[PDB]
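Trainee: Chains as they are written, first to last, in the UniProt record's numbering: chain A, 19 to 258; chain B, 2 to 84; chain C, 2 to 142; chain D, 5 to 57; chain E, 40 to 104; chain F, 1 to 167. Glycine included, C-beta positions come from ideal geometry on N, C-alpha and C. Provided herewith is a single structure, encoded as structure tokens, for subsequent inquiry.
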Amino acid sequence: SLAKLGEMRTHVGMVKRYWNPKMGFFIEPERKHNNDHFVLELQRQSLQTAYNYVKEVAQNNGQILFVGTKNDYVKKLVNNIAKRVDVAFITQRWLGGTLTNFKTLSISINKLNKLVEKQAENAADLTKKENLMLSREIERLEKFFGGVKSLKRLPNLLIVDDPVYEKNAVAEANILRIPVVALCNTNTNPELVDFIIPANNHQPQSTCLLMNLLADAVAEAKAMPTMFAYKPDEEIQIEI
Amino acid sequence: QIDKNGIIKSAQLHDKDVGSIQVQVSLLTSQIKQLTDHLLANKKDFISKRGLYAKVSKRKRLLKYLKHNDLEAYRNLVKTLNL
Amino acid sequence: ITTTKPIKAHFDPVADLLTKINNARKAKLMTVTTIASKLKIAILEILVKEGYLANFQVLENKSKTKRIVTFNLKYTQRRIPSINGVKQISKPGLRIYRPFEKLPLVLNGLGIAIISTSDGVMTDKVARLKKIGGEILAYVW
Amino acid sequence: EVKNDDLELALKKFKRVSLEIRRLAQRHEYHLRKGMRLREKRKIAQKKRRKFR
Amino acid sequence: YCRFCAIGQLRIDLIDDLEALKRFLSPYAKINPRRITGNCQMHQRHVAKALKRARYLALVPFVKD
Amino acid sequence: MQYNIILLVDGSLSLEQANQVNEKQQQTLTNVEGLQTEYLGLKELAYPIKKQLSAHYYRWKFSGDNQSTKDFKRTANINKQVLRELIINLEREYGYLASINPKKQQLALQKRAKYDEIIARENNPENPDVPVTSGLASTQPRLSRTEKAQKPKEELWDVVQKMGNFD
RNA sequence: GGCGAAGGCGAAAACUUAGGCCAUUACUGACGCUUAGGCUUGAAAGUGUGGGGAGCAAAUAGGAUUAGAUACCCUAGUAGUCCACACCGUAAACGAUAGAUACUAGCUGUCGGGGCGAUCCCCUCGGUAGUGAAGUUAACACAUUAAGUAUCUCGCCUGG
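Here you go:
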């Protein structure tokens, strides 16, 4: 299949009493108790639209920057995506200053490359504090710039666990003219995505199946095998 | 208190005048009398006097309508606009 | 059907319509209800035909007891209304009228003014062509 | 205020309401206008409410 | 925390319900505020007027500490 | 319109003379009759109203009149044979309704559930069991009767859509 | 928290009664709307009129201190604060946001009313609040109670 409705089984409900009303236009008529439940058919339609749209964008020799910044679950599974499909991954969101100022990513990636070279070229003269400085510089420039740590190419598309979760992601997204697609919740402002994906992320199955479907969409545009919507089994893994 | 139901039903000639001009003007006149009695018994109740003047004004406008629409309002005028 | 949120006499049909139109423009709202009148029906039909406004439905309870009209604005699939500004002309405190030869094209020669005349209600262009003038109900562009 | 039969324990539970009533009387032992009195009293009340809510 | 209209009768005089009133009372001439017993406007009226009424009839210390 | 009238009479007067004082009080009472001298006992006053540490309490239950209790109140005040002359009216705040006063049966159920007479728990007033979704739920919306449907089509579901082809 | 037209309303108790909140195709059938003029009310000082005046402070007066205290300190301390009458009728009576009218994402609170039901939760509508969307003030921010939206009427407005 392709973006099967079988995955659309637990994409309902989040933290209540906090929700953007304009999501009720895009999700469903939500009760006074802030019922964060999502519809199935409209969510599936929008998810399939995003799927094949990012597929056709990545078939144009583009890039889908996979961003993972939630507690541990989204980040770990985005790293699994990166090790499954050749796409960039986020351990920690870049603090801003990547796209509109291209020099600021180039300096970081070059610094990390030279840091790796220095770590692999000399370790006898270094002291414990000097080695800690070197490792901390590596860690800093890897987390101060997650999507740009060894590559200089400008991403042609980026996702995020929540388009209101990351200010820098939105800034470097709206800097470019790209179809930004993101996992959107009820507490999220819908005005920061191209195709809204109204679905849950507090439920771990929901978000992991969603971003795995995104991984399959980018992989089928990269001519490599795809697993979800092609295997009927839904993943069961609690949100680490 | 309000002195509502008895005065209404006395002014309620039929089942077709529960909220007519007749019952309204009767209520305003009865309220003017009751408010005069109250405010003479209760001097510094400025709420009562301001309400009395408001009812006097609304009664004046109700009477001007009742003479604009029906010409028999002043042929049996027991509600002359003078107060 | 079920038409909700009735409105009573605010002070006039024209301002009652204008406040709803501007509130719909503000809150990105789709369909709003207002009073019903022959002039309102004429202007609403002509605005449906003009393209600035989407359709409307005139409703009654049984008679003059209650006559209202619900009306929707034409929206693309982006929550963008077709209404880019509507100004009421006929007002209670100011009864405004113009001859057939003194009616301008609004926007940049594109906007269409709605004009009632001695023998009917029509658009500004055909009002000039009709050689008959009268009151103006709404400048629409 | 009266807390009896204990030298320190009932006296310890005494002193709280004792000073409460003493301050309640103290803020009534000087002439002042309703303005500042009510403004400060309600400012403290809203401080306590926001600390509570 | 609401107290009246659940243990009270919605009609509070001094007799037959004086214990619910004395619950916001002490022999010290004080009434528990909303921070301890968050009763609504009518229940606060109940407790205030009725307790100072019992003080007024010489049932509980009017001001006495 | 009913008067719950509470009279606190002098000191520790004997029951007979206290009742006679009360009888004089009805004799100077112009309100509705039918009130009988009910002895509420000799209750200790919190303070001497004039000099009496404890006063004899009495209650009278009957109807009420409008311009007939001010005079009774001030005469009972002036009458030194009785110390205190409290009045209570029918209207304090409560209900005169067949669907808010019979809710006091729910209050009796609340009294029953106040103490856990069994191991199970139905205590803690304001504990939401959510047994009610009904009620009025009515703002009385206007029913629509069709007169004319000028192009009944109406636009709906404006999805976030732009530049659908980018491949 | 509610109400009162602002002025305001808190020891309690009663009465007269303005007015209020909830839902009524229910009734006259526009009877409507405001408001220059016009009517009434209007914190308060302080005025005199009769009492008591418990207390105190304008003024005044001593000791300080000061470059000096009738300023900050206090003691003595009147008008007055108290009440009855008028007049004073001004206020930070300013939300520096007019009255009547209808509409505009929500969200989290409260009070009152209607329904319901151990309580309750809940829904309805108002009142009473806010962050904030939209919208609107240069800006500060308001924002379903607007400074948002619009109709009728009035008042205020062009340099120090």
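At what residues does the beta strand (DSSP E) containing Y58(F) begin and finish?
Mentor: Its beta strand (DSSP E) spans residues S54 to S63.
Trainee: Give a yes or no on whether 8 Å exceeds the smallest Cβ distance from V33(C) to chain F.
Mentor: Not an interface residue.
Trainee: Who does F246(A) pair with in a DSSP beta bridge?
Mentor: Note: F246(A) sits in a beta bridge opposite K249(A).
Trainee: Check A142(A) in the structure and name its three-state DSSP category.
Mentor: Looking at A142(A) - three-state DSSP - the assignment turns out to be coil, as it is neither helix nor strand.
Trainee: Short of 9 Å Cβ to Cβ, which residues in the UniProt region "Disordered" (121 to 153) of chain F face chain A?
Mentor: Residues passing the 9 Å Cβ filter: none.
Trainee: Excluding the five sequence neighbours on either side, which residues of its own chain have a C-beta within less than 7 Å of the C-beta of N71(E), listed in chain order?
Mentor: Within the same chain, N71(E) has close Cβ partners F63.
Trainee: Within a Cβ cutoff of 6 Å, which residues of the same chain sit near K6(C), ignoring the five residues on either side of it in sequence?
Mentor: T34, listed in sequence order.
Trainee: Give the single residue among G64(F), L13(F) and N89(F) whose Cα lies nearest to the Cα of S54(F).
Mentor: Closest by alpha carbon: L13(F).
Trainee: If you draw a straight line from the alpha carbon of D56(E) to that of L28(D), how long is it in whole angstroms?
Mentor: Their backbone Cα atoms lie some 29 Å apart in a straight line.
Trainee: Return the first residue and the last residue of the alpha helix (DSSP H) that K50(B) is part of.
Mentor: Per DSSP, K50(B) belongs to the alpha helix (DSSP H) from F47 to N70.
Trainee: Taking 8 Å as the threshold (beta carbon to beta carbon), is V9(F) in contact with chain A?
Mentor: It does not: the Cβ of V9(F) has no partner Cβ on chain A nearer than 8 Å.
Trainee: In terms of residue numbering, what span does the beta strand (DSSP E) encompassing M123(C) cover?
Mentor: Run containing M123(C): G121 to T124, per the beta strand (DSSP E) assignment.
Trainee: Can you give me the C-alpha to C-alpha distance between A98(F) and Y3(F), rounded to a whole angstrom?
Mentor: Each residue's Cα considered, the two are about 22 Å apart.
Trainee: Does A45(E) have its Cβ less than 8 Å from a Cβ in chain F?
Mentor: Yes, its Cβ sits closer than 8 Å to a Cβ of chain F.
Trainee: Return yes when the Cβ of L19(C) is within less than 8 Å of the Cβ of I90(C), no when it is not.
Mentor: No, the pair does not count as a contact, with Cβ atoms beyond the cut-off.
Trainee: Based on Cα-Cα distance, which residue from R76(B), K50(B) and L78(B) lies nearest to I33(B)?
Mentor: Nearest option by C-alpha distance: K50(B).
Trainee: So which residues of chain F does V85(A) contact, with C-beta pairs closer than 7 Å?
Mentor: Under the 7 Å cutoff, chain F gives no residues; its nearest Cβ is about 20 Å from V85(A).
Trainee: Can you tell which of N6(B), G20(B), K17(B) and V26(B) has its C-alpha closest to the C-alpha of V79(B)?
Mentor: Checked all of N6(B), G20(B), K17(B) and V26(B); the closest Cα to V79(B) is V26(B).
Trainee: Could you list the residues in the region 212 to 234 of chain A with a C-beta less than 9 Å from some C-beta on chain F, going in chain order?
Mentor: Listed by position along the chain: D212, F213 and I214.
Trainee: Counting only C-beta atoms, is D167(F) closer than 8 Å to chain A at any point?
Mentor: Chain A, which has a Cβ nearer than 8 Å to the Cβ of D167(F), makes this yes.
Trainee: Secondary structure at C202(A), three-state DSSP: helix, strand or coil?
Mentor: It is a strand residue.
Trainee: Since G41(F) is in the alpha helix (DSSP H), which residue starts that stretch and which ends it?
Mentor: First-last for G41(F): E38 to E44, but that is the beta strand (DSSP E), not the alpha helix (DSSP H).
Trainee: Leaving out five residues on either side along the sequence, give the residues of the same chain with a beta carbon under 8 Å from the beta carbon of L98(E).
Mentor: Only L53 and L57 meet the Cβ criterion.
Trainee: Any idea which residues DSSP pairs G112(C) with across the strands?
Mentor: Answer by DSSP bridge pairing, in chain order: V107(C).
Trainee: Taking only beta carbons into account, state which residues of the region 21 to 47 of chain D come closer than 7 Å to chain E, listed in chain order.
Mentor: Result list: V21 and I25.
Trainee: Quick one: is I115(C) near chain F, going by C-beta distance under 8 Å?
Mentor: No, its Cβ sits nowhere closer than 8 Å to a Cβ of chain F.
Trainee: Say whether chain F places a C-beta atom closer than 8 Å to the C-beta of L49(E).
Mentor: At least one chain F Cβ lies under 8 Å of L49(E).
Trainee: Determine the direct distance from the alpha carbon of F163(A) to that of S124(A), and round the result to whole angstroms.
Mentor: Distance between the alpha carbons of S124(A) and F163(A) is about 10 Å.
Trainee: Closest Cβ-Cβ distance between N85(C) and chain F: below 8 Å?
Mentor: No - not a single Cβ of chain F is within 8 Å of the one on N85(C).
Trainee: Measuring CB atoms only, is the region 42 to 58 of chain A touching the region 210 to 221 of chain A, in the sense that at least three cross pairs come out at less than 8 Å?
Mentor: Yes: the two stretches touch, three or more of their Cβ pairs being nearer than 8 Å.
Trainee: Since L232(A) and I177(A) should fall inside the 8 Å C-beta cutoff, what is the C-beta to C-beta distance between them, to a whole number of angstroms?
Mentor: Sure, about 6 Å apart at Cβ, within 8 Å.
Trainee: Name the chain F residues whose beta carbon is nearer than 8 Å to that of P39(A)?
Mentor: Within chain F, no residue comes near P39(A); the closest Cβ sits about 16 Å away, beyond 8 Å.
Trainee: Run through DSSP, which three-state label would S117(C) get?
Mentor: Here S117(C) sits in strand by DSSP.
Trainee: Just by C-beta distance, which residues in the region 101 to 123 of chain F are closer than 9 Å to chain C?
Mentor: Within the region 101 to 123 of chain F, no residue has a Cβ that lies closer than 9 Å to any Cβ of chain C.
Trainee: Reducing DSSP to helix, strand and coil, say where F56(D) ends up.
Mentor: Reduced to three states, the DSSP call for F56(D) is helix.
Trainee: Buried or exposed for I36(C), please, with buried defined as at least 16 other CB atoms from any protein chain shown within 10 angstroms of its CB.
Mentor: Buried, by the Cβ-count rule.
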